[PDB]
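Student: Fold the following.
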Amino acid sequence: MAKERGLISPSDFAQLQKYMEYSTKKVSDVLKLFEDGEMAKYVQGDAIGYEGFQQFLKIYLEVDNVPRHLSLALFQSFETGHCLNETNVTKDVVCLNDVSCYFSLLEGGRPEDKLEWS
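Tutor: Numbers count the residues shown, from 1 in each chain. Shown next is the protein structure:
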């Protein structure tokens, strides 16, 4: 596992790290929450918006308030929804499976199928 190529500094990883360090929950646990759970009230099919994502960090880190700073670097990590012929970047959703993968690395690393940005 010799990847890496410049990602969220040790500042964001530290926060989330130190955060999950004390926590023992699972991303797959919160995932279902947003799937069938109540958190699914702010999910658009298989993609969730930015705001709705906030709740994730809430339950995820079981925090009572997550920093927008990290939330910003959080979304930047993984996104989706663009076009080289459209000036409407409204209601931006993101794949959970994608975030679930990235996050899976934090806790450890659960492979299954890597993506490709050809």
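
Student: The chain: helices as residue ranges?
Tutor: 10-22, 27-35, 50-60, 68-77, 96-107 (DSSP state H).

Student: Buried ones in the longest one, by neighbour count?
Tutor: Of all the residues in helix 10-22, those buried under the rule 16 or more other C-beta atoms under 10 Å are 12, 15, 16, 19, 20. Bear in mind the C-beta positions are built from the backbone N, C-alpha and C, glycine included.

Student: how close does the nearest residue to the fourth one once chain neighbours are set aside get to residue 94?
Tutor: Leaving out its chain neighbours, the residue that sits closest to residue 19 by C-beta to C-beta, 6 or more residues apart in numbering is residue 61, at 4.4 Å. When distances are taken as C-beta to C-beta, to the nearest Å, residue 61 and residue 94 turn out to be 18 Å apart.

Student: Kindly report the same for residue 108.
Tutor: On the measure of C-beta to C-beta, residue 108 and residue 94 end up 22 Å apart.

Student: Looking at those two, which has the bigger crowd around it?
Tutor: The neighbour comparison of residue 108 against residue 94 (other C-beta atoms under 10 Å) goes to residue 94, with 21 against 6.
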